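Take a look at the structure set out below.
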Amino acid sequence: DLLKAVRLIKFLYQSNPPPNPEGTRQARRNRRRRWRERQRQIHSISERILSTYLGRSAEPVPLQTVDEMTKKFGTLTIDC
Amino acid sequence: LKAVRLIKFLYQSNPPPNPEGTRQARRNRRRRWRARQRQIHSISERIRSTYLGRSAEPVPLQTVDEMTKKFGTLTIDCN
Amino acid sequence: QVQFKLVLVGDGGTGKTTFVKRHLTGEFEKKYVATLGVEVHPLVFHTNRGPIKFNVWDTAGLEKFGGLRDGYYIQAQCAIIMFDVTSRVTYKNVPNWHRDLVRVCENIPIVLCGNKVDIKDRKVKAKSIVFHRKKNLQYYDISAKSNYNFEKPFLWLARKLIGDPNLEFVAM
Amino acid sequence: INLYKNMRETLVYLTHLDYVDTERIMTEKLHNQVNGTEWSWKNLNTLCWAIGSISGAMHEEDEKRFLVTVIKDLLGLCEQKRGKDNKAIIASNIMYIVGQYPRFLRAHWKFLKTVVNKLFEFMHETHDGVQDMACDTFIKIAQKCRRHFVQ
Amino acid sequence: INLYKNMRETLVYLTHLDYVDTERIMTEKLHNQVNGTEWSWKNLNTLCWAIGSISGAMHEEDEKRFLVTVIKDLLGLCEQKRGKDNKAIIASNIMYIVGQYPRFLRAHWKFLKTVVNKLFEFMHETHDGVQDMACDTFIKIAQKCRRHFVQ
RNA sequence: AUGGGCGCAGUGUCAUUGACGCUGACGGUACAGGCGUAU
């Protein structure tokens, strides 16, 4: 029921055998950016699959940039 | 979870190349967009196939047997 | 009392005279009057363990004004080699000074000091400063102008002499 | 400075060799600070300097997540402590760290606004060193993210 | 034995909480052994006992990968060391570990056959403890994989 | 998959705060897209 989603995620991780890093620093820049877009897509797929039925647990992950902010505020030194 | 929803979400997240600009600009954007569309299509077809896709036997094809043969190869040769 | 014979080697008034004056008065000399022969200056510090006196022999660094030259090193109890990081030549001359010092003083602590690091134009990069490594010299980047590491060499020499590794200078 | 640059280069190469281990080592030492085992200004300063050293050396997603974890734990530690000295030290280190990571800042407008507002709060602080550190971090953030201030 | 059972239960719970950290910890101490920094028979025996203790606490794939890495490192160590004493110590530790993880053995017939062949090879050994170790591991493996032996 | 010459971000070599690239967690959040093309 749950192990299958985990195997699916691990496969999707394993299904992207990065790119082959060859070429000049600008062609290699472009490969870095392409692999980064691939990572973006992988993370998006993972997060959406989480939203399917697991989202109820991992939804706050993008939203942590407001709770971390409520923690960054309130740094009050009311005492020593 | 259903394939239709996943495919629609995939096709929604990729904006079409902007027709505005010069012919060569639009055509280079079209080429890059078509390459990325082929990538998206490959990923979508892989998802469509199944949710596991691969067996784990590739690992013993790479490490488990490549460790077991030399495990047999182990030799005291004294000491 | 509790004084040590210190010998300062380097190009004359290229920082040795300036360094001695700066530790003496606190002023940072601008003029370059190349040192003639040697000047012996008392220089007192106060450590957690009492007073300390350096008999600093700021020697001339120009051959024409070397005078007695190596004779100044006789009975030296510590040595501070100097060089200007803005001029590689004064660095390549470092091994010669080290040779002469060890030849006269076989076993004495040696501090390799890069003067006037404050001046933005640094030629002798920190990477290439290595002679101390093999020779086992204690190195310091210093600058008599801005006093960067202004005290580190003297503190190190005092620690090596008295033997107190954690000895610390005191204001008074 | 050459010492720091050499250490930074070595650690960046090691991170590009395996960054997960470096990330987790950072997290483990941060926890050591949190639990009071390794608590000392010197140790926390060294940890935060090291964390800054690898700024941008990792991929943005992993760097973002690691920075979020580090900042959240540091904020918890700040909440834990009393005493002006320790809180000021923690704040100074946190601000140095965030300064070292401009990419994350450019990815989050609200975070930038929060950092700058907290800098303005600090600037009125009288305790030794707070204002200087805040100004230094502010100039660094300006240099690295000027584009997002005027747009 | 009660002490060991309590320790095993605690460590299994902790592995369920964060198995990745535990796996990193065994891997790190295993490297400390490989590099010889922490080399001693007692330490290796303790590490291997701990590794065996947590069988079944991890998902099948993670335990598989961890076992593969651990065994590869152990065989590298055995090739590395000189002296029959240490080699026998390492071999006994490996046999105990594999015995503690019969699931992997059930999933891989060829490795099981090779292990039993190596065990019979050991059985002719005269050096102290090798034969008793081999027999103990053999009975454990039999108990846990009879089906695979006769199927 | 390709990387051009410069937007300068670290710099290796020498005559070393000057020049060639590499390289820089860079001036770049840029730009280049076979010679209609459905590879």
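Following Swiss-Prot, chain C shows residues 8-179, kept in their order.
Determined by electron microscopy, 4.2 Å, according to the entry header.
Even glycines carry a Cβ here, placed using N, Cα and C.
What Swiss-Prot says about this one:
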type     : residues                                        : note
BINDING  : C:18-25, C:36-42, C:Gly68, C:122-125, C:150-152 : GTP binding site
CROSSLNK : C:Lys71                                         : SUMO2 cross-link
CROSSLNK : C:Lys71                                         : ubiquitin cross-link
CROSSLNK : C:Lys152                                        : SUMO2 cross-link
MOD_RES  : C:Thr24                                         : phosphothreonine
MOD_RES  : C:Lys37                                         : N6-acetyllysine
MOD_RES  : C:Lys60                                         : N6-acetyllysine
MOD_RES  : C:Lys71                                         : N6-acetyllysine
MOD_RES  : C:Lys99                                         : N6-acetyllysine
MOD_RES  : C:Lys134                                        : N6-acetyllysine
MOD_RES  : C:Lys159                                        : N6-acetyllysine
MOD_RES  : C:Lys159                                        : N6-succinyllysine
REGION   : C:37-45                                         : region 'Switch-I'
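Shown here: features listed in Swiss-Prot, placed on the structure.
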residue  : record           : Cβ contacts under 8 Å, 6 or more apart
C:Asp18  : GTP binding site : C:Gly68, C:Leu69, C:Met89, C:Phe90, C:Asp91, C:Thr97, C:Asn100
C:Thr21  : GTP binding site : C:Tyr39, C:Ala41, C:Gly68, C:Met89, C:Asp91, C:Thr97, C:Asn122
C:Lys37  : GTP binding site : none
C:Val40  : GTP binding site : C:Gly20, C:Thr24
C:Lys60  : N6-acetyllysine  : C:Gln8, C:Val9, C:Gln10, C:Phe11, C:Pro49, C:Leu50, C:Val51
C:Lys71  : SUMO2 cross-link : none
C:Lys99  : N6-acetyllysine  : none
C:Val124 : GTP binding site : C:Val92, C:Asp148, C:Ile149, C:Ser150, C:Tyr155
C:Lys152 : SUMO2 cross-link : C:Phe35, C:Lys123, C:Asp125, C:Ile126
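Long-range Cβ proximity for C:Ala151 (GTP binding site), meaning a same-chain Cβ under 8 A and a gap of 6 or more residues, is found for C:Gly22, C:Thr25, C:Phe26, C:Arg29, C:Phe35, C:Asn122, C:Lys123, C:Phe157. Residues from the set of recorded positions C:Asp18, C:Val40, C:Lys134 situated with their C-beta under 8 Å of a chain D C-beta: C:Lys134. Here the CA atom of C:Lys159 (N6-acetyllysine) lies 20 Å from the CA atom of C:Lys134 (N6-acetyllysine). Counting every protein chain shown, the number of other Cβ atoms lying within 10 Å of the Cβ of C:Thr24 (GTP binding site) is 26. Just so you know, of the modified residues C:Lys134, C:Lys159, the Cβ with the fewest other Cβ atoms around it within 10 Å is the one at C:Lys134. Of all Cβ atoms in the protein chains displayed, 24 besides its own lie within 10 Å of the Cβ of C:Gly68 (GTP binding site).
Classification of C:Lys99 (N6-acetyllysine) by DSSP places it within a helix.
DSSP classifies C:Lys60 (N6-acetyllysine) as strand under the three-state reduction.
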